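Have a look at the structure below before the remarks.
Residue numbers start from 1 in every chain, and the chains themselves are labelled A, B, ... in the order their sequence lines are given, proteins ahead of strands.
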Amino acid sequence: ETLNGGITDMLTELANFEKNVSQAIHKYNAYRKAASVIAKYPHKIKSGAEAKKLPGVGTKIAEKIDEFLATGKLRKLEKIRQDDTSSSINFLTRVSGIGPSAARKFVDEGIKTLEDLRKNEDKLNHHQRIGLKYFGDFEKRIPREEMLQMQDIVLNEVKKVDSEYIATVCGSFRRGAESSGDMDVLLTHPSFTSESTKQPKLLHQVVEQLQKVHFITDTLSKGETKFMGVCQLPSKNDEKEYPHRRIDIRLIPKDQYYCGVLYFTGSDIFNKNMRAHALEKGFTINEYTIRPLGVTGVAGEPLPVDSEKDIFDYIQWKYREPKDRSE
DNA sequence: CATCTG
DNA sequence: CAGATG
Ligand code: NA
Ligand code: NA
C-alpha cells in the first residue's frame with residue numbers, strides 16, 4: 001500500500017502505455033498482474049530477484065525493478081514521458097469519444113492537439129464533436145450544491161410525466177460526496193419488469209421532458225434503455241451560466257431496481273464486502289438480483305426485493321445508510 | 001453491457 | 001457485422 005508503491009506505480013505506467021500506445025494487450029495485461037501481486041506482497045521488495053519469486057513476475061520485469069531500485073528511475077519510463085507521440089495519445093484520449101484507437105489514427109494524420117481537432121472537426125463524429133465542444137466543462141468536477149439543484153429538476157420533471165416513475169441518483173452523490181464527476185439516474189416503472197415485453201417510450205418520454213425544459217442539451221447516445229447526454233442548470237439572472245455536465249439516464253425493470261441502486265451507489269469496496277458477506281449467508285448478488293445459493297456448488301432463483309432493505313435483511317446485516325457505504 | 005459507426 | 005467507446 002506504500003511499501004512497494006513506486007514499483008507498483010511504474011508497472012502501472014508501463015502497462016498503460018503498452019495498451020494505449022502499442023497495441024500490446026498482452027504486455028499490457030502483463031504489467032497489471034504484476035502490480036497486482038506486488039501490491040499485496042507483504043514486504044519491502046529489495047531486489048528484482050526477490051520479486052521474480054512472485055507469480056506474474058518474470059525476467060523482464062525483474063529487470064526493470066532492478067534499475068528502478070538501483071536508481072530513482074527507469075530509462076524506458078523516461079523515454080516514454082518525452083515522446084510526443086505517446087503524449088499526444090494520452091491527451092486526445094481525454095476527449096469524450098476518442099479512445100486509444102481513435103487517438104492513434106488522429107496522431108498519425110498529425111492531429112495532436114485541441115486546435116488540431118477544431119480544424120478538423122469534420123473527421124470527428126457526433127460524440128467526439130460534443131466531447132471537444134465541452135472539453136473544459138467535462139473536466140470540471142460537479143459540486144454537491146449543484147448536484148442538489150440538478151436532482152431537484154430531474155425528480156420534479158419525471159414526476160410530471162408520470163407519478164409512477166421512480167428515479168434515483170446514485171453514485172457517491174448518494175454516498176454523501178461533496179462533488180462528483182457526472183449525474184447517474186437509475187429509472188424504473190411499475191409497468192416494466194423482467195418479463196414485461198419492453199416499453200421504450202418509458203425512457204424516451206423522460207428524456208423528452210428534460211429537453212422540453214432545456215435541462216438536457218445534447219445527446220451522446222440514446223438507446224431504448226440507456227441514455228448518455230449533456231445537461232445544464234439554467235443560467236439564473238445572466239452573468240454566470242453553468243458548465244455543461246454529463247448525464248446518464250438508465251431504465252431498469254422494476255423487479256431489479258434496488259439491486260441496481262444498491263450496486264450503482266457503490267463504493268466498489270462496499271459492494272465487494274457486501275457481496276463477500278452475501279456468499280457467507282448462503283447468497284449471491286450482482287447488479288440485478290440476489291440469489292439463494294444451493295450447495296451443489298451453485299444454484300439460482302431470484303429472491304424478491306422491495307428496497308435496499310430487503311437485500312440487507314436477506315444476508316442478515318446492518319442496514320447501512322448510503323453515507324456509511326464507504327467500505 | 002449498450003450503443004454507434006461505417 | 002466487427003470494433004470502438006463510456
Ligand atoms: Na476519451
Ligand atoms: Na478478431
Side-chain angles (χ1 to χ4, degrees), chain A residues 16-26 28-29 88-109 111 114 117 120-142 169-173 180-189 192-194 196-208 210-211 216-231 244-253 255-257 259-266 268 271 275 284-289:
Chain A
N16 282 314
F17 165 76
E18 294 292 6
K19 113 105 152 215
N20 270 210
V21 182
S22 0
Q23 186 163 126
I25 176 85
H26 293 297
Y28 159 82
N29 263 139
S88 304
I89 289 167
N90 302 127
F91 183 88
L92 274 16
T93 269
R94 298 173 20 205
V95 188
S96 185
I98 289 173
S101 187
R104 341 197 197 112
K105 146 207 142 216
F106 282 146
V107 176
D108 294 336
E109 303 191 301
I111 313 198
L114 241 151
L117 289 175
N120 308 284
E121 231 189 321
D122 49 285
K123 319 198 148 145
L124 298 195
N125 57 242
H126 186 269
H127 181 158
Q128 274 166 173
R129 302 189 181 156
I130 302 271
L132 157 77
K133 178 173 159 204
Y134 299 123
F135 191 107
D137 281 356
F138 299 168
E139 278 200 322
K140 294 196 207 64
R141 298 276 306 180
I142 319 193
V169 182
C170 318
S172 43
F173 164 46
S180 350
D182 37 43
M183 140 148 317
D184 228 330
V185 193
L186 259 19
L187 199 54
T188 191
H189 201 269
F192 172 76
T193 144
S194 236
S196 103
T197 189
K198 295 313 207 178
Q199 233 207 331
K201 273 331 190 178
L202 272 183
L203 185 66
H204 310 217
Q205 270 182 165
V206 322
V207 170
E208 201 162 46
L210 279 23
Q211 325 168 269
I216 263 161
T217 53
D218 313 84
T219 308
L220 258 28
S221 60
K222 188 201 343 197
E224 76 193 331
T225 50
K226 186 158 172 199
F227 155 95
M228 268 162 35
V230 194
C231 55
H244 279 69
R245 281 102 172 32
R246 271 297 287 102
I247 195 209
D248 287 356
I249 301 176
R250 67 248 293 202
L251 208 24
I252 315 285
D255 59 294
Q256 30 195 210
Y257 204 63
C259 277
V261 165
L262 173 69
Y263 177 65
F264 276 141
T265 295
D268 309 354
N271 287 139
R275 287 181 183 185
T284 218
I285 348 266
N286 69 171
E287 33 287 276
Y288 321 88
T289 74

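Panel note: side chain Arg246(A), backbone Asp184(A); no donor-acceptor pair is recorded below 3.5 Å. Here the side chain of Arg250(A) pairs no donor or acceptor atom with the backbone of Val185(A) at under 3.5 angstrom.
Rounding to whole angstrom units, NZ of residue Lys123(A) and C1' of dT5(B) are separated by 17 Å. Here the P atom of nucleotide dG6(C) and the CZ atom of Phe227(A) are 16 Å apart, to the nearest Å. Distance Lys19(A) NZ to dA4(C) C1': 12 Å, rounded to the nearest Å. Rounded to whole Å, the distance from CG on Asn20(A) to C1' on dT5(C) is 13 Å. Rounded to an integer number of Å, the gap from CG of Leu251(A) to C1' of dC1(B) is 15 Å. Whole-Å rounding puts the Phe106(A) CZ to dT5(C) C1' distance at 13 Å. Rounded to a whole Å, the CD1 atom of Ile249(A) is 18 Å from the P atom of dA2(B). Between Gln128(A) atom CD and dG6(B) atom P there is a gap of 9 Å when expressed in whole angstrom units.
With distances taken from any side-chain atom of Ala102(A) to the nucleotides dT3(B), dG6(C), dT5(C), the minimum falls on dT5(C). In the set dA4(C), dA2(B), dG6(C), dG6(C) carries the atom at the smallest distance from any side-chain atom of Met228(A). For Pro100(A), counting side-chain heavy atoms from C-beta on, the closest listed nucleotide (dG6(C), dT5(C), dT3(B)) is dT5(C). Distances from the side chain of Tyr288(A) to the nucleotides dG6(C), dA2(B), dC1(B) place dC1(B) closest. With distances taken from any side-chain atom of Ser101(A) to the nucleotides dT3(B), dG6(C), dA4(C), the minimum falls on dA4(C). Of the candidate nucleotides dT5(B), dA2(B), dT5(C), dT5(B) has the atom lying nearest to any side-chain atom of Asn125(A).
Contact detail for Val230(A) and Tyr134(A): the closest heavy-atom pair is CG1-CE1, 3.8 Å. Heavy-atom minimum distance, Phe227(A) versus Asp218(A): CZ-O, 4.3 Å.
Across all strands shown, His127(A) has heavy atoms under 4.0 Å from sugar-phosphate atoms exclusively, and none from any base. When heavy atoms are screened at a 4.0 angstrom cut-off, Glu224(A) is found touching the sugar-phosphate backbone but no base atom. When heavy atoms are screened at a 4.0 angstrom cut-off, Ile98(A) is found touching the sugar-phosphate backbone but no base atom.
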So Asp248(A) and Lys226(A), salt bridge (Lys or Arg N to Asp or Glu O under 4.0 Å) or not? Walk me through it. CA-CA 7 Å; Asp248(A) 287 356; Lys226(A) 186 158 172 199; 5.6 Å; no
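For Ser221(A), no side-chain nitrogen or oxygen approaches OP1 or OP2 of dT5(B) to under 4.0 Å.
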